[PDB]
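Dropping work.txt in here (compact mmCIF, C-alpha atoms):
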```
# COMPACT_ATOMS: atom_id res chain seq x y z
CA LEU A 1 -171.60 -67.51 153.13
CA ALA A 2 -173.67 -67.18 149.97
CA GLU A 3 -175.34 -70.36 148.77
CA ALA A 4 -175.62 -71.77 145.26
CA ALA A 5 -178.68 -71.43 143.02
CA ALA A 6 -180.81 -74.48 142.22
CA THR A 7 -183.46 -72.66 140.16
CA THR A 8 -183.76 -69.71 137.81
CA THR A 9 -184.70 -66.47 139.57
CA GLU A 10 -187.82 -64.48 138.68
CA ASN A 11 -188.39 -60.73 138.45
CA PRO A 12 -184.64 -59.97 138.56
CA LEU A 13 -185.27 -56.42 137.36
CA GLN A 14 -187.51 -55.74 140.36
CA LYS A 15 -184.41 -56.38 142.50
CA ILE A 16 -181.77 -54.77 140.29
CA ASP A 17 -183.79 -51.55 140.15
CA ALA A 18 -184.19 -51.60 143.93
CA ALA A 19 -180.43 -51.92 144.33
CA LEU A 20 -179.96 -49.07 141.86
CA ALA A 21 -182.39 -46.97 143.89
CA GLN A 22 -180.39 -47.63 147.04
CA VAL A 23 -177.19 -46.63 145.25
CA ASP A 24 -178.78 -43.48 143.86
CA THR A 25 -180.04 -42.46 147.29
CA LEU A 26 -176.62 -42.97 148.88
CA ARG A 27 -174.94 -41.01 146.09
CA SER A 28 -177.47 -38.21 146.53
CA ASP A 29 -176.70 -38.02 150.24
CA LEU A 30 -172.96 -37.99 149.60
CA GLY A 31 -173.27 -35.21 147.04
CA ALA A 32 -175.54 -33.23 149.34
CA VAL A 33 -173.23 -33.25 152.35
CA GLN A 34 -170.50 -31.57 150.31
CA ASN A 35 -172.70 -28.52 149.84
CA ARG A 36 -173.08 -28.20 153.60
CA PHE A 37 -169.32 -28.56 153.92
CA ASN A 38 -168.74 -25.73 151.45
CA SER A 39 -171.28 -23.44 153.11
CA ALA A 40 -169.65 -24.10 156.47
CA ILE A 41 -166.23 -23.30 155.01
CA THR A 42 -167.42 -19.99 153.58
CA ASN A 43 -169.14 -19.03 156.83
CA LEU A 44 -166.03 -19.95 158.81
CA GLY A 45 -163.86 -17.77 156.59
CA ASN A 46 -166.16 -14.81 157.12
CA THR A 47 -166.25 -15.43 160.88
CA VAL A 48 -162.46 -15.71 161.05
CA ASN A 49 -162.05 -12.38 159.28
CA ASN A 50 -164.57 -10.69 161.57
CA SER B 1 -177.02 -42.97 131.39
CA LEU B 2 -173.21 -42.85 131.21
CA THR B 3 -172.76 -39.73 129.09
CA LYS B 4 -175.71 -38.55 131.15
CA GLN B 5 -173.79 -39.21 134.36
CA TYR B 6 -170.99 -37.33 132.67
CA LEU B 7 -173.35 -34.41 132.07
CA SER B 8 -174.25 -34.44 135.75
CA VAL B 9 -170.69 -34.77 137.02
CA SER B 10 -169.41 -32.14 134.63
CA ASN B 11 -172.12 -29.76 135.88
CA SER B 12 -171.36 -30.48 139.53
CA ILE B 13 -167.62 -30.11 138.96
CA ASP B 14 -168.21 -26.77 137.25
CA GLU B 15 -170.24 -25.56 140.22
CA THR B 16 -167.39 -26.55 142.52
CA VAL B 17 -164.76 -24.82 140.40
CA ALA B 18 -166.76 -21.60 140.40
CA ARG B 19 -167.05 -21.87 144.18
CA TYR B 20 -163.32 -22.29 144.76
CA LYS B 21 -162.42 -19.45 142.41
CA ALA B 22 -164.95 -17.13 144.05
CA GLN B 23 -163.54 -17.81 147.50
CA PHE B 24 -160.09 -16.99 146.17
CA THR B 25 -161.33 -13.72 144.66
CA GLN B 26 -162.89 -12.46 147.88
CA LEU B 27 -159.79 -13.44 149.82
CA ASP B 28 -157.60 -11.47 147.41
CA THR B 29 -159.79 -8.40 147.83
CA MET B 30 -159.22 -8.55 151.57
CA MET B 31 -155.52 -8.80 150.77
CA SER B 32 -155.75 -5.62 148.70
CA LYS B 33 -157.22 -3.68 151.60
CA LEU B 34 -154.69 -4.84 154.16
CA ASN B 35 -151.72 -4.37 151.84
CA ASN B 36 -152.62 -0.77 151.08
CA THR B 37 -153.15 0.08 154.74
CA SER B 38 -149.88 -1.45 155.89
CA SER B 39 -147.99 0.14 153.00
CA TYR B 40 -148.92 3.68 153.94
CA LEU B 41 -148.29 2.84 157.59
CA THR B 42 -144.78 1.80 156.54
CA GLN B 43 -144.04 4.99 154.65
CA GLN B 44 -145.27 7.01 157.62
CA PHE B 45 -142.88 5.17 159.93
CA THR B 46 -139.96 5.68 157.57
CA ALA B 47 -140.54 9.41 157.28
CA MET B 48 -141.19 10.05 160.97
CA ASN B 49 -138.04 8.12 161.81
CA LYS B 50 -136.06 10.09 159.24
CA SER B 51 -137.17 13.05 161.35
```

Rewrite the structure of this file - the entire thing - as structure tokens.
Amino acid sequence: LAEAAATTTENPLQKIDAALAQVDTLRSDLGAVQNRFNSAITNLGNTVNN
Amino acid sequence: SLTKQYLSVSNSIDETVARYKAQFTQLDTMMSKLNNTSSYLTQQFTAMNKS
């Protein structure tokens, strides 16, 4: 479990920004995969017709 | 940042909407072709049976 804090924390922004970077990277990956999904769908439609 | 994220999401959404609509358009063109072919096939059957 998480422990309590006995002292004020330093350089909090240098951690918050790192967390934001992680979130941005994950969001980028999630957005990206959808493009591959759409390309696959279009290709599959063409292949089905053929 | 937030209205910015809105700019980004609006843009992405718009790309997706264009994609879906385009797929539908191409599909409907294929429909046009097949419908016409089958329609004249049908008339041919009707006449040759009326024979």

| Do you have the atom CA of residue 37 of chain A-atom CA of residue 13 of chain B distance handy? |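 Spanning atom CA of residue 37 of chain A to atom CA of residue 13 of chain B is a straight-line distance of 15.1 Å.
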
For chain B versus chain A, which residues have an atom no more than 12 Å away, and what is each residue's nearest atom pair and distance in Å rounded to one decimal, using only C-alpha atoms, chain-then-number order, as JSON lines?
```
{"residue": "B:5", "atom": "CA", "partner": "A:24", "partner_atom": "CA", "distance": 11.5}
{"residue": "B:8", "atom": "CA", "partner": "A:31", "partner_atom": "CA", "distance": 11.4}
{"residue": "B:9", "atom": "CA", "partner": "A:31", "partner_atom": "CA", "distance": 10.4}
{"residue": "B:12", "atom": "CA", "partner": "A:31", "partner_atom": "CA", "distance": 9.1}
{"residue": "B:13", "atom": "CA", "partner": "A:31", "partner_atom": "CA", "distance": 11.1}
{"residue": "B:15", "atom": "CA", "partner": "A:35", "partner_atom": "CA", "distance": 10.4}
{"residue": "B:16", "atom": "CA", "partner": "A:38", "partner_atom": "CA", "distance": 9.1}
{"residue": "B:17", "atom": "CA", "partner": "A:38", "partner_atom": "CA", "distance": 11.8}
{"residue": "B:18", "atom": "CA", "partner": "A:38", "partner_atom": "CA", "distance": 12.0}
{"residue": "B:19", "atom": "CA", "partner": "A:38", "partner_atom": "CA", "distance": 8.4}
{"residue": "B:20", "atom": "CA", "partner": "A:38", "partner_atom": "CA", "distance": 9.3}
{"residue": "B:22", "atom": "CA", "partner": "A:42", "partner_atom": "CA", "distance": 10.3}
{"residue": "B:23", "atom": "CA", "partner": "A:42", "partner_atom": "CA", "distance": 7.5}
{"residue": "B:24", "atom": "CA", "partner": "A:42", "partner_atom": "CA", "distance": 10.8}
{"residue": "B:26", "atom": "CA", "partner": "A:46", "partner_atom": "CA", "distance": 10.1}
{"residue": "B:27", "atom": "CA", "partner": "A:45", "partner_atom": "CA", "distance": 9.0}
{"residue": "B:30", "atom": "CA", "partner": "A:49", "partner_atom": "CA", "distance": 9.1}
{"residue": "B:31", "atom": "CA", "partner": "A:49", "partner_atom": "CA", "distance": 11.3}
{"residue": "B:34", "atom": "CA", "partner": "A:49", "partner_atom": "CA", "distance": 11.7}
```

| request: State, in Å with one decimal place, the distance from atom CA of residue 43 of chain B to atom CA of residue 50 of chain A. | output: 26.7 Å

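Note that the spacing between atom CA of residue 42 of chain B and atom CA of residue 25 of chain B amounts to 25.6 Å.
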